Structure formats: C-alpha cells, structure tokens
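Undergrad: Sharing a structure, written as structure tokens. Questions coming.
No Cβ is skipped: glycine too gets one built from the backbone with ideal geometry, and neighbour counts run over all protein chains shown. None of the figures in this text is laboratory data; all of them are computed from the coordinates on show.
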Amino acid sequence: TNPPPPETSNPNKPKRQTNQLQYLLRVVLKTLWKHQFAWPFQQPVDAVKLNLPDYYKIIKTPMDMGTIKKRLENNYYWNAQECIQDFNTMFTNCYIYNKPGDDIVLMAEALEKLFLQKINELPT
Ligand SMILES: COc1cc(C(=O)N2CCC(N3CCN(C)CC3)CC2)ccc1Nc1ncc2c(n1)N(C(C)C)c1ccccc1C(=O)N2C
C-alpha cells in the first residue's frame, strides 16, 4: 500500500508569506510545473499503480511538486529554505531510487538545473 501523502496544511504550524516564498510559488514552482518533464513530479509516487514494493522502504522522506504547490498555496511554510529543501528532497529521492542514465534521472537533472537558475534570482 501507499503511505499517507505528506501534509499540505497543519493547523498548529505557524504560516508566513515572505517575498521569497511568493517568488517560489509564482516564478519557481510555476516554471517547473509547466515544463515538459514536470509530469512525474506533479503528484506523490504511487507505489501501487507503478508496482514499486520497495520504493517506500528506500525512500522515507517522499516529496513531490504537487505537495509543494499546495504547501505554498496554503502559506504552509515559514521560510523559503523549508520550500527549497522540499524541492531538493524530491530530486534526491529520484537520484537515490533510480540509476545514472535512466530517463527519469535525466529529467530530474534538467528540472533541477532550471530550479537552480530560478532560485539564483530569489529576491534578497
Ligand atoms: C502521471 O504519473 C505517471 C504516469 C506515467 C505514464 O504511464 N504515462 C503515460 C506515458 C507518458 N509518456 C509517454 C511517452 N512520452 C515520451 C513521455 C510521456 C507519461 C505518463 C508514468 C509514471 C507516472 N508517475 C511517476 N511519478 C514519479 C516517478 C515515476 N513515475 N517514474 C517514471 C517516470 C520513471 C518512476 C518509476 C519507477 C520508480 C521511480 C520513479 C520515479 O522516480 N518517479 C519520480
């Protein structure tokens, strides 16, 4: 079975929207979300549908852009670093589970390069 997905709201977690978090939603997430390689990353890994009995034995910190998008829309994060870390976790999980040269790894690397370009333009 699949684990429960990562939470996207938490009634006890303080909320904030800094100018950097605004940029992360309106520029960074939006740019990656519309990219041709976004589709594997727009929702949690469905280990049932993909028949991956070991995925959630290996990956204990799952993350995906659908979760990040909802977190940003909900003002779930306090700071930009929490959101940046979620993106980095998502890419890292792909690199852990898969192998060099797999199509999905090359897709993740292309999205990560674009992510890094856009993050370098974060407002100060
Ligand atoms: C919408 O959800 C999906 C749909 C389909 C699908 O069957 N289709 C139809 C054909 C389309 N193709 C047609 C041909 N075009 C050239 C491109 C589009 C594309 C869409 C396949 C996978 C989906 N989700 C998915 N999420 C995260 C993954 C992942 N898969 N992969 C694969 C992507 C490797 C992994 C596989 C195994 C283990 C780990 C992963 C993994 O790391 N990650 C992040």
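Undergrad: From Cα pairs below 8 angstrom and at least 6 apart in sequence, can you work out the relative contact order of the chain, rounded to a whole percent?
TA: Contact order relative to length: 37 percent.
Undergrad: Once you list every other residue whose beta carbon is under 15 Å from the beta carbon of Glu7, what net charge do they have if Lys and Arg are +1 and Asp and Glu are -1? Intermediate results must be reported in sequence, preceding the final value.
TA: Details: positive: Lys13, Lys15, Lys69, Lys70, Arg71; negative: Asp64, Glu73, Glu82, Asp86.
Surrounding charge for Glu7 is +1.
Undergrad: Additional query: Ratio of region 1-96's C-alpha Rg to 2.2 N^0.38 Å, to two decimals?
TA: Its radius of gyration relative to the 2.2 N^0.38 Å reference: 1.10.
Undergrad: Ranked highest first by the average count of other Cβ atoms within 10 Å around their residues, in what order do 110-117, 75-82, 1-8 fall?
TA: 75-82, 110-117, 1-8
Undergrad: Additional query: With only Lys, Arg, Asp and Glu charged, each at its Cβ (+1 for the first two, -1 for the last two), find how big the charge dipole of region 18-122 is about the Cα centre; round to the nearest 20 debye.
TA: About 220 debye.
Undergrad: Between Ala110 and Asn79, with labels modelled 7 Å along Cα→Cβ, what's the label distance in nm to one decimal, could you check?
TA: Label at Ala110, label at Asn79, 3.4 nm between them.
Undergrad: Got a sec? Charge dipole of the chain, +1 on Cβ for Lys and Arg, -1 for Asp and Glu; which of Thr31, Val45, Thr89 is way out at the positive end?
TA: Looking along the dipole axis, the top candidate is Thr31.
Undergrad: Separate question: Which distance in Å, rounded to a whole number, links the C-alpha centroids of region 1-59 and region 70-97?
TA: Going from one Cα centre to the other spans 7 Å.
Undergrad: Using the Karplus curve 6.51 cos²θ - 1.76 cosθ + 1.60 with θ = phi - 60°, what ³J(HN,Hα) values do you get for each residue of region 56-67, in whole Hz, with x for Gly and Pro?
TA: Taking θ as phi minus 60°, the curve returns 8, 7, 8, 9, 9, 10, x, 7, 7, 6, x, 4 Hz for region 56-67.
Undergrad: Something else now. By the scheme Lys and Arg +1, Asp and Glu -1, what is the net charge of all other residues having a beta-carbon under 13 Å from that of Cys94?
TA: Net of charged neighbours comes to -4.
Undergrad: Tabulate in residue order the Karplus-calculated ³J(HN,Hα) for region 112-124, using 6.51 cos²θ - 1.76 cosθ + 1.60 with θ = phi - 60°, rounded to whole Hz; enter x for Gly and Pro.
TA: Listing the rounded values in order: 5, 4, 5, 4, 5, 4, 6, 5, 5, 8, 4, x, 6 Hz.
Undergrad: Within 11 Å, Cβ to Cβ, of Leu25, how many net charges do the neighbouring residues add up to if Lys/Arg are +1 and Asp/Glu are -1?
TA: +4
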